[PDB]
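Only one structure is covered here, and it is reproduced in the block below.
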Number of protein chains: 2
Amino acid sequence: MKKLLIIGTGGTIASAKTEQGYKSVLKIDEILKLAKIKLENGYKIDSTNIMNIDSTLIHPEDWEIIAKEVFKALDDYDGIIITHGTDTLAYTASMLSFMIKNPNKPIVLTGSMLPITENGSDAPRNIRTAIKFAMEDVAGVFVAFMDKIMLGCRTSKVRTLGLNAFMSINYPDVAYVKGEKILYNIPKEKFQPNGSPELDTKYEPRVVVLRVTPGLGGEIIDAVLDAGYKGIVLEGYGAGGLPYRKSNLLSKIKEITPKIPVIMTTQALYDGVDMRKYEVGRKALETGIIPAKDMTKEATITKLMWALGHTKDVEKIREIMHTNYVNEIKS
Amino acid sequence: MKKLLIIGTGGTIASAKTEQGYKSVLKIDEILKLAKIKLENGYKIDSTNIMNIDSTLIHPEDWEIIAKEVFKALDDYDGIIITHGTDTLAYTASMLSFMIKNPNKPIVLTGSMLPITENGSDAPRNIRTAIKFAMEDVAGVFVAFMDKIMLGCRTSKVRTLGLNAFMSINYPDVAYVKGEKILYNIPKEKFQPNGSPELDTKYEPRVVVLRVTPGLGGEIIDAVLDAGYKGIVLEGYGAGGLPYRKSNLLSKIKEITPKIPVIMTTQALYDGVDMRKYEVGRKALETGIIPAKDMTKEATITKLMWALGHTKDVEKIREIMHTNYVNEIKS
């Protein structure tokens, strides 16, 4: 009946404790053996390794490699699972959501907070949840973690130790899995194929992400643009503004918004940015700063890199960023 | 019996909806009137305004002004309440925790997610919780929000809309308030005066905070040091490392850690950083990067600014950052 491809990339799920600390050492065949994963029963699992990478530290070039491999596999597989490091899982899931347009199959990313060989490892549970969801007659890019299925472009890693490490940010979970029971939280009907798969791996990697902090000077904006960076993401305040008083930050940004996309997201985790609610937000908007609305940091960053691969025109970037491609952002 | 000082600074709690959006318009007398706050019954509340500031957008100079005003008030008051904007509440609470050593009285910061004049405003509830805790025979810097009392140097704003907007990060709450009932979560005995109050407002404001993202180049480190910044905070990965492969970020940091403190915190909210667990973390540590351990971003940033006001020696900064002054960091 079904054919699944499991793609290994390294990560904690591929790691073992050594004298040098945790080290990515396992190929996908060893992961599946050590996590006691069934390779058959109404399906056949095939496996493969993305060579010379470790998704403990994913590089954007790896996104292009993974996107090309996943896109080729769509022909030959009913479902695709990617095992990946947790720290950038959400970035890969988000970038794949923009690089693979209208996947006609489930692409499910997972990892583990614990190596397989550590006591109470989450790796077997998460691989099994990913396999169960990849066998569903659905399409899109998802993350399987701690029995949840989440839209990939809505996931963030919220903690560094706890097993419930991934959350859907400002968006419902897709589903919850209890064994052979899949409970759809958004209707299965909303994840059906709709148009033909397209591969688009264009991107500009020089996006810099700053936390907005009290006293942060406009000198930092001069510095990153002199370092030749092409987009700026600000982890800003809920009011969505920047100071005019005792500060050149807003005035130095207003000078460069005609030529450089400056995106306002939040340092806070939940509920997004609304630059209209406060006078300070409206002042920021009137400088040509682009609101990230309800997007994750991971979606904002990957989307802008992808957007800048297409155009240097800031109005076109503004339109791309506010286009809802795959439910990464509210309409 | 008791004397309390309520200090107004602006913020959402001082704001009203205008045609220009929310605007900070209310002095503390109007806040207390509009939130129907009792000014007596076993206490007397006096009030005052920090002039020519709006804590919607706090500036570090305002920290020095507030610290000096609060420190003077310790003589004449049993308790001190500061009403403040929510977006930088946690930064002011953390910086006051370093600038006012051994306060011999409760200093309680609060604000509101809603203006007083909006339906279902949290402002009255939060002011009342702050007053109840400021009447306790305790000492320290606390935040009152949504019936919780939290250690100031452990608070972060976690969301932009929800009323339960502040959390104690990697540390228990101090107390929970149900009316005239205060339930201590950490024993009241642990917040007693211990040595004489000292004021220390030295700080260096040029700290820049970067999110670690895939492909972020060492060119950004050259840029911020050429802009004359004196400390770098990295919102890094749970594994606590930075790439050597297809990257000069770690190698460019290793060049400047002898002269510039580079602090590793997390982009994730909960559970802190452990640079020993992974080989990639140990490689980062061996470059002279300073771990923030379990500290909030708000404590890390304010502590480093305060640390850099005292010394330019990176070993002395490393020792200051890992000194547990007021339970901002694990020992």
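The values are calculated or read from the model by the stated rules, or taken from the named source; no laboratory instrument gave them. Counting neighbours? That spans all protein chains shown, and the Cβs are built from the backbone with ideal geometry, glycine included.
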Test: residue in the range A:187-206 that is closer than 29 Å to B:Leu89 by Cα, assigned to a loop (DSSP other than H, G, I, E, B) and within 8 Å of chain B (Cβ to nearest Cβ): no
Number of the condition not met by B:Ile256 [criteria: (1) more than 26 Å from the chain's Cα centre (by Cα); (2) of a type in the set (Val, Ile, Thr); (3) under 29 Å from B:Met150 (Cα atoms)]: (3)
Residue selected from the range A:155-177 under the condition in contact with an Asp or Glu (Cβ under 7 Å, 6 or more places away or on another chain) and without any contact (Cβ under 8 Å) to a residue 40 or more places away in the chain, by the criterion farthest from the other protein chains (Cβ to nearest Cβ): A:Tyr176
The range A:76-100 - residue that is acidic (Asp, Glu) and out of contact with any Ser or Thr (no Cβ under 9 Å at 6 or more places or on another chain) and, of those, farthest from A:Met167 (Cα to Cα): A:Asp76
Residue count, the range A:19-33 (criterion: part of a helix (DSSP H, G or I) and either outside the structural domain of A:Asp54 (by TED's automatic domain parsing) or among the charged types (D, E, K, R) (or both)): 3
Top-ranked residue in the range B:227-284 [being farther than 23 Å from A:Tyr91 by Cα and of a type in the set (S, T, N, Q); ranked as nearest to the other protein chains (Cβ to nearest Cβ)]: B:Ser251
Pick from the range A:299-327, criterion assigned to a loop (DSSP other than H, G, I, E, B) and not hydroxyl-bearing (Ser, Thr, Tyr), ranking: surrounded by the fewest Cβ atoms within 10 Å (Cβ to Cβ): A:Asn324
Members of the range A:149-186 that are of a type in the set (A, V, I, L, M, F, W, C) and part of a loop (DSSP other than H, G, I, E, B): A:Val158, A:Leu161, A:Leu163, A:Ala165, A:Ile169, A:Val174, A:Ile186
Members of the range A:217-226 found to be more than 7 Å from chain B (Cβ to nearest Cβ), assigned to a helix (DSSP H, G or I) and surrounded by fewer than 20 Cβ atoms within 10 Å (Cβ to Cβ), listed by number: A:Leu225
Selection count where residues are over 16 Å from B:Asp75 (Cα atoms) and surrounded by fewer than 24 Cβ atoms within 10 Å (Cβ to Cβ), scope the range B:132-149: 6
Lone unmet requirement of (1) within 20 Å of A:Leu308 (Cβ to Cβ); (2) within 18 Å of the chain's Cα centre (by Cα); (3) buried (at least 20 other Cβ atoms within 10 Å of the Cβ) for A:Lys202: (3)
Residue list for the range B:228-280, restricted to those being of a type in the set (A, V, I, L, M, F, W, C), part of a loop (DSSP other than H, G, I, E, B) and surrounded by fewer than 23 Cβ atoms within 10 Å (Cβ to Cβ): B:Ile260, B:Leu269
Hey, A:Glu136 farther than 20 Å from A:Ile53 by Cα, within 14 Å of chain B (Cβ to nearest Cβ) and touching a residue at least 40 places away in the same chain (Cβ under 8 Å) or not: no
Breaking point among (1) outside any loop (DSSP other than H, G, I, E, B); (2) in contact with a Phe, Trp or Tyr (Cβ under 8 Å, 6 or more places away or on another chain); (3) farther than 22 Å from B:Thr18 by Cα, for A:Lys283: (3)
Filter pass, A:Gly111 being within 14 Å of chain B (Cβ to nearest Cβ), touching a helix residue (DSSP H, G or I) at 6+ places or on another chain (Cβ under 6 Å) and on the phi < 0 side of the Ramachandran plot: yes
All positions within the range B:57-78 that are buried (at least 19 other Cβ atoms within 10 Å of the Cβ), in contact with a strand residue (DSSP E or B) (Cβ under 7 Å, 6 or more places away or on another chain) and not in a helix (DSSP H, G or I): B:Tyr77
Residues that are over 18 Å from A:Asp271 (Cβ atoms) and either among the β-branched types (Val, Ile, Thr) or in contact with a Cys (Cβ under 7 Å, 6 or more places away or on another chain) (or both), drawn from the range B:108-161: B:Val108, B:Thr110, B:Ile116, B:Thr117, B:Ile127, B:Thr129, B:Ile131, B:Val138, B:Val141, B:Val143, B:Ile149
Among the candidates B:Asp87, B:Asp54, residue that is buried (at least 18 other Cβ atoms within 10 Å of the Cβ), out of contact with any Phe, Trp or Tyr (no Cβ under 8 Å at 6 or more places or on another chain) and within 14 Å of another protein chain (Cβ to nearest Cβ): B:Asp54
Among the residues listed as A:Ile45, A:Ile82, A:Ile37, the single one being in contact (Cβ under 8 Å) with a residue 60 or more places away in the chain, surrounded by fewer than 24 Cβ atoms within 10 Å (Cβ to Cβ) and part of a strand (DSSP E or B): A:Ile45
Residue within the range A:168-188 that is among the β-branched types (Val, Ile, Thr), closer than 26 Å to B:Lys297 by Cα and either touching a strand residue (DSSP E or B) at 6+ places or on another chain (Cβ under 7 Å) or not assigned by TED's automatic domain parsing to the domain that holds A:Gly85 (or both) present: yes
B:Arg125 vs. criteria without any contact (Cβ under 8 Å) to a residue 60 or more places away in the chain, outside the structural domain of B:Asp271 (by TED's automatic domain parsing) and among the basic types (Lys, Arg): yes
Close pairs (8 angstrom Cβ cut-off, 6 or more residues apart or separate chains): under 11 Å from A:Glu204 (Cα atoms) in the range A:292-306, charged (D, E, K, R) and surrounded by 24 or more Cβ atoms within 10 Å (Cβ to Cβ) anywhere: A:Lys303/A:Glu328
